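Everything on this sheet refers to the single structure shown next.
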Amino acid sequence: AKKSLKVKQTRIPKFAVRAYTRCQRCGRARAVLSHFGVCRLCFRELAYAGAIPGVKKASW
Amino acid sequence: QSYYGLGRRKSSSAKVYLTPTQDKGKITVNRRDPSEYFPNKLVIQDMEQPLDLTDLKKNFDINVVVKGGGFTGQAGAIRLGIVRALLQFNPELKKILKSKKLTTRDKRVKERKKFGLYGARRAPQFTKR
Amino acid sequence: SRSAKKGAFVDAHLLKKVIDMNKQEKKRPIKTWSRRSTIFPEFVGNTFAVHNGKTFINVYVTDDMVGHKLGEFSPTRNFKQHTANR
Amino acid sequence: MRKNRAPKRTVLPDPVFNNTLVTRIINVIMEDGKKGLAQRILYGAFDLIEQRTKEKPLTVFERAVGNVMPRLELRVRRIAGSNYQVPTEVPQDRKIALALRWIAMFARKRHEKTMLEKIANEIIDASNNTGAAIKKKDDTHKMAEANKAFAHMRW
Amino acid sequence: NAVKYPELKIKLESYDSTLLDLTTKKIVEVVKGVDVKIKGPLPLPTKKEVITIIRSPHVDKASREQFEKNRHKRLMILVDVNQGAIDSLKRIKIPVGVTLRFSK
Amino acid sequence: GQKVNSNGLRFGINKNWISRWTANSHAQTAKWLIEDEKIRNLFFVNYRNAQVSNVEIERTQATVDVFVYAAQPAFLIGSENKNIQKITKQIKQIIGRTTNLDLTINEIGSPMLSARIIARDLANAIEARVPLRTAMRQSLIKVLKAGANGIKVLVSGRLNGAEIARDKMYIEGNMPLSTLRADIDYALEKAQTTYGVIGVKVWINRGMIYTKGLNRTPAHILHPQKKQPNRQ
RNA sequence: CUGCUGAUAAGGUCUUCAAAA
RNA sequence: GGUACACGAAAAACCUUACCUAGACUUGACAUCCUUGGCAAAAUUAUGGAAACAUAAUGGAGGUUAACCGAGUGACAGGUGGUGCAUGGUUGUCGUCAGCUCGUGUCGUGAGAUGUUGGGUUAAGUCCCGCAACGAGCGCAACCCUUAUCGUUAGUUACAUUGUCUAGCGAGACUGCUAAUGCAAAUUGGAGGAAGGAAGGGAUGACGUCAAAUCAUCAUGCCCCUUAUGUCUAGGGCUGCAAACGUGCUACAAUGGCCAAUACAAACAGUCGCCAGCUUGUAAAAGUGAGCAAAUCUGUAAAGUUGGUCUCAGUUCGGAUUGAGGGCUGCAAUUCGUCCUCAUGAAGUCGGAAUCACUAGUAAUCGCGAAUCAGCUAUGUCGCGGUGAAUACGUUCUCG
Ligand SMILES: [Mg+2]
Ligand SMILES: [Mg+2]
Ligand SMILES: [Mg+2]
Ligand SMILES: [Mg+2]
Ligand SMILES: [Mg+2]
Ligand SMILES: [Mg+2]
Ligand SMILES: [Mg+2]
Ligand SMILES: [Mg+2]
Ligand SMILES: [Mg+2]
Ligand SMILES: [Mg+2]
Ligand SMILES: [Mg+2]
Ligand SMILES: [Mg+2]
Ligand SMILES: [Mg+2]
Ligand SMILES: [Mg+2]
Ligand SMILES: [Mg+2]
Ligand SMILES: [Mg+2]
Ligand SMILES: [Mg+2]
Ligand SMILES: [Mg+2]
Ligand SMILES: [Mg+2]
Ligand SMILES: [Mg+2]
Ligand SMILES: [Mg+2]
Ligand SMILES: [Mg+2]
Ligand SMILES: [Mg+2]
Ligand SMILES: [Mg+2]
Ligand SMILES: [Mg+2]
Ligand SMILES: [Mg+2]
Ligand SMILES: [Mg+2]
Ligand SMILES: [Mg+2]
Ligand SMILES: [Zn+2]
């Protein structure tokens, strides 16, 4: 069960606290970056592909 | 003829103003008595270390501005500032100051914490069984 | 714990059912799933069947149980005895 | 399997009595990185020494550390069963370090009141060759003298 | 002569640094080509955001990498501009990465 | 062991970003980050016969600009500009009719030394049941004849339909992967074979970048003319 | 410089190919 | 096992959720292809209802069907179902250790050898000599970021005790000079220098081993289900409990407990937010209410200093557990949130055999911030600063 959960997440619930943030590219529920709306394992791929502007590897 | 020095330590800047005076040095930090600014935990001798062995009878009026760090870092910063301002008065002190190495930035700063480690260098407990 | 200005809480479907069954003389068990509802004074005298998770356990409220939560008088997991591993 | 000898940091002279051993014992009684607290403990103990012995605190401290300061060390070397010990002459720096470490360890265990008085009385007792660090030094010295035979073989 | 815009405080910010310097260079060049007294292109502290992401798909949280995003920021305040400078400013075409926060 | 992505290690130092925009809020940052992914995935998975090397996306508050570098843009153009309108409507449906689209096709010069299209050709040959040794040998020899530095090709998976997975590598020329100054283009593709999935990863070395800067310059599109239109 | 120091269930992948470019 | 056990999970009350019980659905909650019309879907109000869903309402943006709203319709959708021993991708480990190979040549009937071994020097298969070998590739090093001194550019929202500070560019350190010895690489000492001989830290991780981990991020071969292993909802569960282990927090205390006054940070974050001030309250907080889209406003720094008190006791230590009254978030706090106040006051007085981490701003210790987040006994994770140690004689032993 993933397609139904994705569709239900897009659909608005009847309570405000019912709403949770899923990844927009994949459907992963846990470990989602609200700054980018993308889970960690897809954020890594996008950053390595250069899709997210300004996200360079950090050396500190 | 005033002298200006800029010292730094542990991310704590210092601006030391040396004024020629002959009515006691009267060291002063950030418009406050050093005995009240510092915990007076004898750290005063730390900043006077380069001004003791050579001289303070010359009664330099000290105007110190420090913004940042704790108190040991501030003391080290004003020590470096006093030395660097002293390099502007009779550069012959430069040799003696270099001899005991009070004219070099300490370069020691806190390391960055690393992931998977409980700190800069500490590591988690290791279990084998 | 629960705030004062908010007061107590009932789903109000249970409240409507309780009012109706109190006005009716021949009361019967009230099958409810609302374990979140607190036992209001008007509840006194009725009998409820609360969904423990599997079945509906019957609880008879009294003038004393007033205040607690309705599902607090029914359990959800059962444990009675371990077994020796070795 | 290191083939490198470690460097040594400066000991720093004490800014009150101008005796490096004072700074060393401050660092030894350091706990939780509290230089101020350690310095307060030491200077209060020295003032109590003034109040009691009526002599120079630095001289009393030197008389205590020199007397507690050991001569021989026994290094454990196991071959087949248990360990046979080996007496070796220690360097002066490690000698002083061991003396200070023993002084602090036996000072933080005595039955008395605040650690100020604890360490002060421990120092005054060790100044007269009667103390717990004295007993420790005596024990290691007697053990080395007993195991004097295996001194020739070290490794 | 008129001004119609006193104290035009242009604020620049971008994820990239060199593009920001180039855009500020073009801006100051145009505004000095017109008769306007630029206060100066000063820099402001760069807000750096760090995101830490576990490399592995399933386990080994210990092995994790890091990413950064810097919002480089510059300030530049013009005293009096007038139409003679505003019309020339209209044709600047700042690159997309640069962001303007004009405050009038 | 495991190696960091060659592109990801060099991004932000000697490589510019494929999408250049600044969003308004966190809500819009996700939508804009997903729409560009959809557009790029469209251009890559379908209309594959045109050898689209790379597509860059450039957005402002409301205007979308797409730069599609292709080796054979005649297939995108179609017969008297037919498929152009189809892909334009596809993009407009993807992003929204409220925005203004500025699609721009660009003929890429010296295509052969581009890892994306080399890997795509590799995957097509694998899927077409072409023998692997011959396929990799011909691809390597044509890449080298194109006049570049070393190229490293790694092809892993259920090799030739075997029940045990293997991997086959061909390096021919110097490929310094630890060096940051080197211009290394890396691409990865999946050949969907009747026996499963084959992963082809192509690293190509294209000299050393001796000019400091975040690119802002074309990368092997310049040897011939790079001027194709469809814009405004 | 010779203390002591014993054992580890069965069957198993993994090279398809050079004909050639 | 090392390479699992504060791990996936950077947030389990509902949702998450994949599990159980129950109430409901069938080209389906979602999608394409086809014959076909668009004059809807939402949302909300009624009744039945645990809610799913049903009967009635306002019949709705729009743009004539664009997207979507439908009818018919069979291919089918759907699966967090199995197989990580069919795979792609990604990752742990040996290990940031210094190795792994190739072309030509030569030796050997052959597997194979040479180069890669030998002597010096390094962290290094780093380099130099020797040498049937001559070269080359990946790895090492450097190029990348940051900290340490300085110059220049700019002076607001920094500074304004006038040159700090912030961020672009640049200079600087190159065994560059000197002495020793070596053929040469090079090693050691000195000078000047902020910095000296990989100046400190980070990113960077070769061929391959463990058929190592993941079909539950994603994709995918094959098998299996197709009015059910697919879908919606309500309740319960993932929080159980004679026990055992791992990782952490708090302690067993006068280097301390409590009370009062009080000084000094960096980094980061903020318009469903940060919340200054004021009023109320023993307090969590409530109301009013400015300021800030931020070098401007907000997010109380604590250890530390001084003073008062306790006077070595199971205590003014220790806070567990337990009863009561309140605050906030949320439809909803019983299973199962956290905070405050009042009251009670378990164990525990330094921990057996045996083990762990650490070589300077390190260990130890004290606070601050952020991510996921409506809320959360995260004491967890990722970062920042304040104070700030001890030791390294040596490789006999121990693991690799
Ligand atoms: Mg799925
Ligand atoms: Mg939630
Ligand atoms: Mg911890
Ligand atoms: Mg153990
Ligand atoms: Mg034995
Ligand atoms: Mg046997
Ligand atoms: Mg649930
Ligand atoms: Mg209509
Ligand atoms: Mg019509
Ligand atoms: Mg495996
Ligand atoms: Mg070898
Ligand atoms: Mg030989
Ligand atoms: Mg050789
Ligand atoms: Mg390197
Ligand atoms: Mg296995
Ligand atoms: Mg594992
Ligand atoms: Mg599956
Ligand atoms: Mg449910
Ligand atoms: Mg759990
Ligand atoms: Mg006290
Ligand atoms: Mg101000
Ligand atoms: Mg306040
Ligand atoms: Mg005090
Ligand atoms: Mg007791
Ligand atoms: Mg207490
Ligand atoms: Mg509760
Ligand atoms: Mg006691
Ligand atoms: Mg080390
Ligand atoms: Zn994702």
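Labeling convention for the structure tokens: chains A, B, ... as they appear, residues from 1 per chain, ligands from 1 in order of appearance.
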Using only C-alpha atoms, determine which residues of chain F fall within 12 Å of chain A; present them as a PDB file with N, CA, C and O atoms, in the first residue's frame.
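Once everything was written out, this is part07.pdb:
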ATOM      1  N   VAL F   4      32.222   8.675  -3.746  1.00  0.00           N
ATOM      2  CA  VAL F   4      31.262   9.763  -3.848  1.00  0.00           C
ATOM      3  C   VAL F   4      30.951  10.026  -5.316  1.00  0.00           C
ATOM      4  O   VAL F   4      31.750   9.718  -6.211  1.00  0.00           O
ATOM      5  N   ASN F   5      29.766  10.573  -5.571  1.00  0.00           N
ATOM      6  CA  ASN F   5      29.357  10.884  -6.933  1.00  0.00           C
ATOM      7  C   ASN F   5      30.319  11.885  -7.553  1.00  0.00           C
ATOM      8  O   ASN F   5      30.640  12.913  -6.952  1.00  0.00           O
ATOM      9  N   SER F   6      30.789  11.572  -8.762  1.00  0.00           N
ATOM     10  CA  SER F   6      31.761  12.437  -9.420  1.00  0.00           C
ATOM     11  C   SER F   6      31.168  13.807  -9.714  1.00  0.00           C
ATOM     12  O   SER F   6      31.843  14.830  -9.554  1.00  0.00           O
ATOM     13  N   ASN F   7      29.909  13.849 -10.150  1.00  0.00           N
ATOM     14  CA  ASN F   7      29.251  15.132 -10.369  1.00  0.00           C
ATOM     15  C   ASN F   7      29.035  15.873  -9.056  1.00  0.00           C
ATOM     16  O   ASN F   7      29.355  17.062  -8.945  1.00  0.00           O
ATOM     17  N   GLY F   8      28.501  15.181  -8.048  1.00  0.00           N
ATOM     18  CA  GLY F   8      28.193  15.815  -6.780  1.00  0.00           C
ATOM     19  C   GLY F   8      29.399  16.374  -6.064  1.00  0.00           C
ATOM     20  O   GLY F   8      29.288  17.407  -5.396  1.00  0.00           O
ATOM     21  N   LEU F   9      30.550  15.716  -6.185  1.00  0.00           N
ATOM     22  CA  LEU F   9      31.773  16.220  -5.581  1.00  0.00           C
ATOM     23  C   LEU F   9      32.260  17.503  -6.240  1.00  0.00           C
ATOM     24  O   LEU F   9      32.839  18.353  -5.556  1.00  0.00           O
ATOM     25  N   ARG F  10      32.020  17.671  -7.539  1.00  0.00           N
ATOM     26  CA  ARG F  10      32.506  18.822  -8.288  1.00  0.00           C
ATOM     27  C   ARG F  10      31.479  19.939  -8.409  1.00  0.00           C
ATOM     28  O   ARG F  10      31.824  21.032  -8.867  1.00  0.00           O
ATOM     29  N   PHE F  11      30.230  19.699  -8.019  1.00  0.00           N
ATOM     30  CA  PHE F  11      29.210  20.738  -8.096  1.00  0.00           C
ATOM     31  C   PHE F  11      29.528  21.880  -7.143  1.00  0.00           C
ATOM     32  O   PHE F  11      29.986  21.662  -6.018  1.00  0.00           O
ATOM     33  N   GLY F  12      29.283  23.104  -7.599  1.00  0.00           N
ATOM     34  CA  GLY F  12      29.527  24.279  -6.794  1.00  0.00           C
ATOM     35  C   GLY F  12      30.967  24.734  -6.739  1.00  0.00           C
ATOM     36  O   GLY F  12      31.260  25.721  -6.052  1.00  0.00           O
ATOM     37  N   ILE F  13      31.877  24.053  -7.432  1.00  0.00           N
ATOM     38  CA  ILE F  13      33.278  24.453  -7.476  1.00  0.00           C
ATOM     39  C   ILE F  13      33.678  24.703  -8.923  1.00  0.00           C
ATOM     40  O   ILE F  13      34.031  25.826  -9.298  1.00  0.00           O
ATOM     41  N   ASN F  14      33.628  23.655  -9.746  1.00  0.00           N
ATOM     42  CA  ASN F  14      33.886  23.757 -11.175  1.00  0.00           C
ATOM     43  C   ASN F  14      32.701  23.351 -12.034  1.00  0.00           C
ATOM     44  O   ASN F  14      32.911  22.936 -13.178  1.00  0.00           O
ATOM     45  N   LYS F  15      31.480  23.425 -11.520  1.00  0.00           N
ATOM     46  CA  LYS F  15      30.289  23.034 -12.260  1.00  0.00           C
ATOM     47  C   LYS F  15      29.107  23.854 -11.770  1.00  0.00           C
ATOM     48  O   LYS F  15      28.873  23.947 -10.561  1.00  0.00           O
ATOM     49  N   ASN F  16      28.364  24.440 -12.703  1.00  0.00           N
ATOM     50  CA  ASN F  16      27.193  25.216 -12.336  1.00  0.00           C
ATOM     51  C   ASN F  16      25.993  24.296 -12.138  1.00  0.00           C
ATOM     52  O   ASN F  16      26.032  23.102 -12.445  1.00  0.00           O
ATOM     53  N   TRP F  17      24.911  24.865 -11.618  1.00  0.00           N
ATOM     54  CA  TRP F  17      23.722  24.096 -11.283  1.00  0.00           C
ATOM     55  C   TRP F  17      22.791  23.987 -12.483  1.00  0.00           C
ATOM     56  O   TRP F  17      22.660  24.925 -13.272  1.00  0.00           O
ATOM     57  N   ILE F  18      22.146  22.824 -12.612  1.00  0.00           N
ATOM     58  CA  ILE F  18      21.299  22.554 -13.766  1.00  0.00           C
ATOM     59  C   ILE F  18      19.973  23.302 -13.684  1.00  0.00           C
ATOM     60  O   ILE F  18      19.308  23.503 -14.709  1.00  0.00           O
ATOM     61  N   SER F  19      19.570  23.719 -12.488  1.00  0.00           N
ATOM     62  CA  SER F  19      18.378  24.527 -12.287  1.00  0.00           C
ATOM     63  C   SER F  19      18.762  25.749 -11.471  1.00  0.00           C
ATOM     64  O   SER F  19      19.342  25.617 -10.389  1.00  0.00           O
ATOM     65  N   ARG F  20      18.446  26.933 -11.989  1.00  0.00           N
ATOM     66  CA  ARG F  20      18.875  28.190 -11.374  1.00  0.00           C
ATOM     67  C   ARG F  20      17.656  29.068 -11.117  1.00  0.00           C
ATOM     68  O   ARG F  20      17.196  29.777 -12.016  1.00  0.00           O
ATOM     69  N   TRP F  21      17.148  29.032  -9.889  1.00  0.00           N
ATOM     70  CA  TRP F  21      16.008  29.849  -9.502  1.00  0.00           C
ATOM     71  C   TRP F  21      16.036  30.058  -7.997  1.00  0.00           C
ATOM     72  O   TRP F  21      16.698  29.324  -7.260  1.00  0.00           O
ATOM     73  N   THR F  22      15.308  31.075  -7.546  1.00  0.00           N
ATOM     74  CA  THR F  22      15.141  31.355  -6.125  1.00  0.00           C
ATOM     75  C   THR F  22      13.653  31.453  -5.825  1.00  0.00           C
ATOM     76  O   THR F  22      12.978  32.371  -6.301  1.00  0.00           O
ATOM     77  N   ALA F  23      13.150  30.512  -5.035  1.00  0.00           N
ATOM     78  CA  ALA F  23      11.729  30.416  -4.754  1.00  0.00           C
ATOM     79  C   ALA F  23      11.317  31.425  -3.688  1.00  0.00           C
ATOM     80  O   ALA F  23      12.146  32.030  -3.007  1.00  0.00           O
ATOM     81  N   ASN F  24      10.003  31.602  -3.548  1.00  0.00           N
ATOM     82  CA  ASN F  24       9.480  32.550  -2.574  1.00  0.00           C
ATOM     83  C   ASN F  24       9.481  31.962  -1.169  1.00  0.00           C
ATOM     84  O   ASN F  24      10.098  32.518  -0.256  1.00  0.00           O
ATOM     85  N   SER F  25       8.795  30.839  -0.978  1.00  0.00           N
ATOM     86  CA  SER F  25       8.669  30.231   0.337  1.00  0.00           C
ATOM     87  C   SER F  25       8.960  28.741   0.242  1.00  0.00           C
ATOM     88  O   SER F  25       9.168  28.188  -0.842  1.00  0.00           O
ATOM     89  N   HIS F  26       8.969  28.093   1.408  1.00  0.00           N
ATOM     90  CA  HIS F  26       9.231  26.662   1.474  1.00  0.00           C
ATOM     91  C   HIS F  26       8.167  25.846   0.757  1.00  0.00           C
ATOM     92  O   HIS F  26       8.481  24.780   0.220  1.00  0.00           O
ATOM     93  N   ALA F  27       6.920  26.316   0.743  1.00  0.00           N
ATOM     94  CA  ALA F  27       5.872  25.607   0.018  1.00  0.00           C
ATOM     95  C   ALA F  27       6.135  25.607  -1.480  1.00  0.00           C
ATOM     96  O   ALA F  27       5.958  24.581  -2.145  1.00  0.00           O
ATOM     97  N   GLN F  28       6.561  26.743  -2.026  1.00  0.00           N
ATOM     98  CA  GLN F  28       6.858  26.853  -3.447  1.00  0.00           C
ATOM     99  C   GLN F  28       8.175  26.191  -3.828  1.00  0.00           C
ATOM    100  O   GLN F  28       8.322  25.758  -4.978  1.00  0.00           O
ATOM    101  N   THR F  29       9.129  26.106  -2.899  1.00  0.00           N
ATOM    102  CA  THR F  29      10.403  25.459  -3.183  1.00  0.00           C
ATOM    103  C   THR F  29      10.244  23.985  -3.532  1.00  0.00           C
ATOM    104  O   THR F  29      10.975  23.486  -4.392  1.00  0.00           O
ATOM    105  N   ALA F  30       9.308  23.283  -2.900  1.00  0.00           N
ATOM    106  CA  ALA F  30       9.066  21.886  -3.236  1.00  0.00           C
ATOM    107  C   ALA F  30       8.367  21.727  -4.580  1.00  0.00           C
ATOM    108  O   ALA F  30       8.740  20.856  -5.377  1.00  0.00           O
ATOM    109  N   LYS F  31       7.355  22.553  -4.851  1.00  0.00           N
ATOM    110  CA  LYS F  31       6.645  22.460  -6.121  1.00  0.00           C
ATOM    111  C   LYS F  31       7.578  22.742  -7.290  1.00  0.00           C
ATOM    112  O   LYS F  31       7.571  22.019  -8.295  1.00  0.00           O
ATOM    113  N   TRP F  32       8.393  23.791  -7.177  1.00  0.00           N
ATOM    114  CA  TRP F  32       9.329  24.103  -8.245  1.00  0.00           C
ATOM    115  C   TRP F  32      10.423  23.057  -8.384  1.00  0.00           C
ATOM    116  O   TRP F  32      10.890  22.821  -9.502  1.00  0.00           O
ATOM    117  N   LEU F  33      10.829  22.422  -7.289  1.00  0.00           N
ATOM    118  CA  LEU F  33      11.826  21.364  -7.333  1.00  0.00           C
ATOM    119  C   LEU F  33      11.286  20.085  -7.952  1.00  0.00           C
ATOM    120  O   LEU F  33      12.055  19.300  -8.513  1.00  0.00           O
ATOM    121  N   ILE F  34       9.977  19.860  -7.860  1.00  0.00           N
ATOM    122  CA  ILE F  34       9.399  18.653  -8.443  1.00  0.00           C
ATOM    123  C   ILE F  34       9.046  18.866  -9.912  1.00  0.00           C
ATOM    124  O   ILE F  34       9.201  17.955 -10.735  1.00  0.00           O
ATOM    125  N   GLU F  35       8.568  20.062 -10.272  1.00  0.00           N
ATOM    126  CA  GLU F  35       8.182  20.312 -11.660  1.00  0.00           C
ATOM    127  C   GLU F  35       9.380  20.221 -12.598  1.00  0.00           C
ATOM    128  O   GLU F  35       9.278  19.660 -13.698  1.00  0.00           O
ATOM    129  N   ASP F  36      10.523  20.770 -12.186  1.00  0.00           N
ATOM    130  CA  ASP F  36      11.720  20.662 -13.007  1.00  0.00           C
ATOM    131  C   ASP F  36      12.160  19.213 -13.163  1.00  0.00           C
ATOM    132  O   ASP F  36      12.600  18.811 -14.247  1.00  0.00           O
ATOM    133  N   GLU F  37      12.051  18.421 -12.095  1.00  0.00           N
ATOM    134  CA  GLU F  37      12.361  17.000 -12.193  1.00  0.00           C
ATOM    135  C   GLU F  37      11.447  16.309 -13.193  1.00  0.00           C
ATOM    136  O   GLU F  37      11.903  15.487 -13.994  1.00  0.00           O
ATOM    137  N   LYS F  38      10.153  16.633 -13.164  1.00  0.00           N
ATOM    138  CA  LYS F  38       9.225  16.037 -14.121  1.00  0.00           C
ATOM    139  C   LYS F  38       9.600  16.406 -15.550  1.00  0.00           C
ATOM    140  O   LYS F  38       9.590  15.555 -16.444  1.00  0.00           O
ATOM    141  N   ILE F  39       9.943  17.675 -15.782  1.00  0.00           N
ATOM    142  CA  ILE F  39      10.290  18.116 -17.134  1.00  0.00           C
ATOM    143  C   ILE F  39      11.540  17.397 -17.631  1.00  0.00           C
ATOM    144  O   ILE F  39      11.583  16.887 -18.760  1.00  0.00           O
ATOM    145  N   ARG F  40      12.579  17.351 -16.797  1.00  0.00           N
ATOM    146  CA  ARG F  40      13.814  16.693 -17.205  1.00  0.00           C
ATOM    147  C   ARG F  40      13.589  15.207 -17.447  1.00  0.00           C
ATOM    148  O   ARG F  40      14.084  14.648 -18.436  1.00  0.00           O
ATOM    149  N   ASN F  41      12.835  14.551 -16.563  1.00  0.00           N
ATOM    150  CA  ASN F  41      12.565  13.130 -16.734  1.00  0.00           C
ATOM    151  C   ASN F  41      11.781  12.874 -18.010  1.00  0.00           C
ATOM    152  O   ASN F  41      12.027  11.885 -18.703  1.00  0.00           O
ATOM    153  N   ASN F  54      21.617  17.258 -22.148  1.00  0.00           N
ATOM    154  CA  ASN F  54      21.242  17.821 -20.860  1.00  0.00           C
ATOM    155  C   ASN F  54      20.225  18.934 -21.060  1.00  0.00           C
ATOM    156  O   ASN F  54      20.231  19.619 -22.087  1.00  0.00           O
ATOM    157  N   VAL F  55      19.368  19.113 -20.062  1.00  0.00           N
ATOM    158  CA  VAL F  55      18.352  20.156 -20.062  1.00  0.00           C
ATOM    159  C   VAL F  55      18.504  20.979 -18.789  1.00  0.00           C
ATOM    160  O   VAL F  55      18.537  20.428 -17.682  1.00  0.00           O
ATOM    161  N   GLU F  56      18.623  22.292 -18.951  1.00  0.00           N
ATOM    162  CA  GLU F  56      18.754  23.226 -17.844  1.00  0.00           C
ATOM    163  C   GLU F  56      17.496  24.074 -17.731  1.00  0.00           C
ATOM    164  O   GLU F  56      16.844  24.384 -18.730  1.00  0.00           O
ATOM    165  N   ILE F  57      17.156  24.446 -16.500  1.00  0.00           N
ATOM    166  CA  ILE F  57      15.898  25.125 -16.210  1.00  0.00           C
ATOM    167  C   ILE F  57      16.185  26.390 -15.414  1.00  0.00           C
ATOM    168  O   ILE F  57      17.002  26.378 -14.485  1.00  0.00           O
ATOM    169  N   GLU F  58      15.516  27.479 -15.789  1.00  0.00           N
ATOM    170  CA  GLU F  58      15.802  28.805 -15.261  1.00  0.00           C
ATOM    171  C   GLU F  58      14.472  29.499 -15.021  1.00  0.00           C
ATOM    172  O   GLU F  58      13.746  29.790 -15.975  1.00  0.00           O
ATOM    173  N   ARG F  59      14.138  29.760 -13.760  1.00  0.00           N
ATOM    174  CA  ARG F  59      12.820  30.274 -13.423  1.00  0.00           C
ATOM    175  C   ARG F  59      12.925  31.536 -12.582  1.00  0.00           C
ATOM    176  O   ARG F  59      13.845  31.696 -11.777  1.00  0.00           O
ATOM    177  N   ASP F 185      32.910  14.255 -16.707  1.00  0.00           N
ATOM    178  CA  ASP F 185      31.468  14.172 -16.878  1.00  0.00           C
ATOM    179  C   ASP F 185      31.028  12.740 -16.614  1.00  0.00           C
ATOM    180  O   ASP F 185      31.546  11.804 -17.229  1.00  0.00           O
ATOM    181  N   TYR F 186      30.084  12.577 -15.695  1.00  0.00           N
ATOM    182  CA  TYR F 186      29.639  11.269 -15.241  1.00  0.00           C
ATOM    183  C   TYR F 186      28.151  11.112 -15.500  1.00  0.00           C
ATOM    184  O   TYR F 186      27.361  12.012 -15.201  1.00  0.00           O
ATOM    185  N   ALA F 187      27.773   9.963 -16.053  1.00  0.00           N
ATOM    186  CA  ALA F 187      26.368   9.677 -16.299  1.00  0.00           C
ATOM    187  C   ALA F 187      26.084   8.224 -15.963  1.00  0.00           C
ATOM    188  O   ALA F 187      26.984   7.382 -15.974  1.00  0.00           O
ATOM    189  N   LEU F 188      24.823   7.941 -15.657  1.00  0.00           N
ATOM    190  CA  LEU F 188      24.411   6.597 -15.285  1.00  0.00           C
ATOM    191  C   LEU F 188      23.044   6.313 -15.882  1.00  0.00           C
ATOM    192  O   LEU F 188      22.149   7.160 -15.839  1.00  0.00           O
ATOM    193  N   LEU F 214      33.141  29.364 -11.463  1.00  0.00           N
ATOM    194  CA  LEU F 214      32.005  28.455 -11.465  1.00  0.00           C
ATOM    195  C   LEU F 214      31.448  28.318 -12.876  1.00  0.00           C
ATOM    196  O   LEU F 214      30.285  28.650 -13.127  1.00  0.00           O
TER     197      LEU F 214
END
### Query
Just asking: which residues within chain C are strand (DSSP E) according to DSSP, as a PyMOL selection string?
chain C and resi 30-32+47-51+56-60
Can I get the selected residues back with C-alpha atoms, as a PDB file, in the first residue's frame?
ATOM      1  CA  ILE C  30     -25.726   1.350  25.019  1.00  0.00           C
ATOM      2  CA  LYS C  31     -23.109   0.100  22.546  1.00  0.00           C
ATOM      3  CA  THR C  32     -20.486   2.843  22.279  1.00  0.00           C
ATOM      4  CA  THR C  47     -25.122   0.517  31.275  1.00  0.00           C
ATOM      5  CA  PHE C  48     -22.613   0.859  28.447  1.00  0.00           C
ATOM      6  CA  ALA C  49     -20.834  -1.588  26.153  1.00  0.00           C
ATOM      7  CA  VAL C  50     -17.396  -0.110  25.507  1.00  0.00           C
ATOM      8  CA  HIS C  51     -15.237  -1.422  22.672  1.00  0.00           C
ATOM      9  CA  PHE C  56     -17.917  -4.765  23.963  1.00  0.00           C
ATOM     10  CA  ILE C  57     -17.391  -4.992  27.716  1.00  0.00           C
ATOM     11  CA  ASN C  58     -20.396  -3.979  29.817  1.00  0.00           C
ATOM     12  CA  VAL C  59     -19.814  -1.333  32.489  1.00  0.00           C
ATOM     13  CA  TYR C  60     -22.577  -0.146  34.829  1.00  0.00           C
TER      14      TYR C  60
END
### Task
Restrict the distance test to only C-alpha atoms (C1' of nucleotides), flag each residue of chain C within 9 Å of chain H, and return the flagged residues as a ChimeraX atom specification.
/C:1-4,9,11,32-37,51-55,68-73,75-79,81-84
### Task
Step by step, measure atom-to-atom distances between ligand 8 and each residue using only C-alpha atoms (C1' of nucleotides) and all ligand atoms, keep those at most 12 Å, then write them as a list in words.
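Here is the list of contacting residues: residues 38, 39, 40, 41, 59, 60, 61, 62, 63, 64, 65 and 69 of chain H.
Residues in contact with residue 43 (chain C) at 9 Å, where only C-alpha atoms (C1' of nucleotides) are counted and same-chain residues fewer than 6 positions away are skipped, are listed as residues 15, 18, 19, 22, 61, 62, 63 and 66 of chain C.
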For the residues in the current selection, export C-alpha atoms as a tab-separated table (two decimals), in the first residue's frame.
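Okay, result.tsv is ready:
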chain	number	residue	atom	x	y	z
C	15	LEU	CA	-24.85	12.49	25.08
C	18	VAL	CA	-27.91	8.95	26.95
C	19	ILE	CA	-30.59	11.66	27.09
C	22	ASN	CA	-32.81	8.23	30.17
C	61	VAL	CA	-21.92	3.45	35.84
C	62	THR	CA	-22.76	4.63	39.36
C	63	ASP	CA	-23.07	7.96	41.16
C	66	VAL	CA	-18.70	10.27	37.61
